[PDB]
């Protein structure tokens, strides 16, 4: 009921008294959430009046296909997103099979929100924080079985030469417990941070059963706190993978890395390096780097790469319950469980 396979423990809107609503457009979602704040007398209730299970049936493929054809025209447009602000009664946004969105979901100062089966891609507004999914000051959030994509490319003349597209799953502030699972993330330059700055440290986040393909960096860019990454399939990482900074701790287990540059590193600050515990991945020693095409580069400032492929620290006892399959099974089976239209199916050893 509340088990997500990670630090977040929430059933979202699937609780007692939940009200099911169907949203056929972005605006419907905005309107549904707004109406969910009113009590029987028409007065607003802090945190929302009742739980919601919104089934999104809209399809914005036309906007997505047009954007795919003109990648560089996106960054300067207005960003589009549904804001879930200060809603704590519990909410679940689930896309219907065949649904799609060219707008993001921005969660802020909320809790107990689940977003599932949403296909989001090529969002406008990279220069104005056009994130696909943003989790800000929001604990108990579960981002599961979604497809988040764009083009892993940077156009010229974009602000900071970094705004062609914004991130897939940015997590910041007091989002103390979050689970990111079964997501198919592809064609994304900046996957997502875990802390917006050097001072925004903390949180306990779990990334599991995600399928990353053709992504440049931030898987995540971790700032302190704890990160548990298990059963993820990392392929074609063009910049760096897990960047553990500000003394953060990471447990990296039973993942499959392939064709990746700097898969596990601590760079860009020049100090306060994070640590990692490595176990059960397809890579077990440096000899495997050649086998799976793992490349390492240096950085202009002091850095630490996992080129020795050894644990550099410790990790506290993982609270929740979980059962990872083998790194091989991930590589063989994960692409069929990750993403939309998989009916929220999960990979078990039985299926291996």
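Numbering follows the first chain given and starts at 1.
Stretches 288 to 296 and 58 to 66 differ in mean C-alpha B factor, with the higher average recorded for 288 to 296. In this crystal structure, the stretch out of 5 to 13 and 331 to 339 whose C-alpha atoms carry the higher mean B factor is 331 to 339.
If you compare the C-alpha temperature factors of 53, 283, 33, 304 in the entry, 283 comes out highest. Of the candidates 144, 162, 170, 147, it is 162 whose Cα B-factor is highest according to the PDB record. Among the modelled residues of the chain, residue 157 sits in the highest third by CA temperature factor in this PDB entry. Per the PDB record, residue ranking by Cα B-factor puts residue 111 in the middle third of the chain. Among the modelled residues of its chain, residue 198 has a C-alpha B-factor that falls in the highest third, as given in the PDB entry.
Ranked by C-alpha B-factor against the other modelled residues of its chain, residue 258 falls in the highest third. When the modelled residues of the chain are ordered by their C-alpha B factor, residue 267 lands in the middle third.
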